[PDB]
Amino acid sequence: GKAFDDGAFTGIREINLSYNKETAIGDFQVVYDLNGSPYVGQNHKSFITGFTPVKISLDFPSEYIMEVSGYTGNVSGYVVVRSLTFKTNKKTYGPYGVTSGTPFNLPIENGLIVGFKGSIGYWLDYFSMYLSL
């Protein structure tokens, strides 16, 4: 896949992703907050198209993510992120994708997600999150 690394910002305003109900997560773009103003992140695109887009618009700053969860597993011989769910202090967004494979989940008791990095080929191959107070 193609690696990407957004770095770290001041918080998160929107997540735009795409998925397919038979495969996995495809595209991923974040609108970060930077010092009280929107910063529209790079759109990290799958090598292929055909995905369903979702826009997750948070009521920043009072609404923020408290848990990221999902599943990883095999699609056409590649381990990819098959499913994502984002839980905020207000609501749950997801699951998007296919909820099979091996689960993972990052609940946050204190702190914020402030950035994402990862790699996307046909599907999201892997990802990490920047955390900060």
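So that there is no doubt, residue numbering starts at 1 and follows the sequence shown.
Please compare 58 to 66 with 92 to 100 and say which has the higher mean C-alpha temperature factor in the record. The deposited B-factors put 92 to 100 ahead on the C-alpha mean.
Name the higher of the two by mean Cα B-factor in the PDB entry, 76 to 84 versus 102 to 110. Per the PDB entry, the higher value belongs to 76 to 84.
Taking the C-alpha B-factors as the PDB entry records them, is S18 in the lowest, middle or highest third of its chain? Its C-alpha B-factor, which the entry lists for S18, ranks in the middle third among residues of this chain.
What third of the chain does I48 rank in for C-alpha temperature factor, lowest, middle or highest? Within its chain, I48 is a highest-third residue by C-alpha B-factor, going by the deposited values.
Can you work out whether the C-alpha temperature factor of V40 puts it in the lowest, middle or highest third of the chain? As the PDB entry reports it, the C-alpha B-factor of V40 lands in the highest third of its chain.
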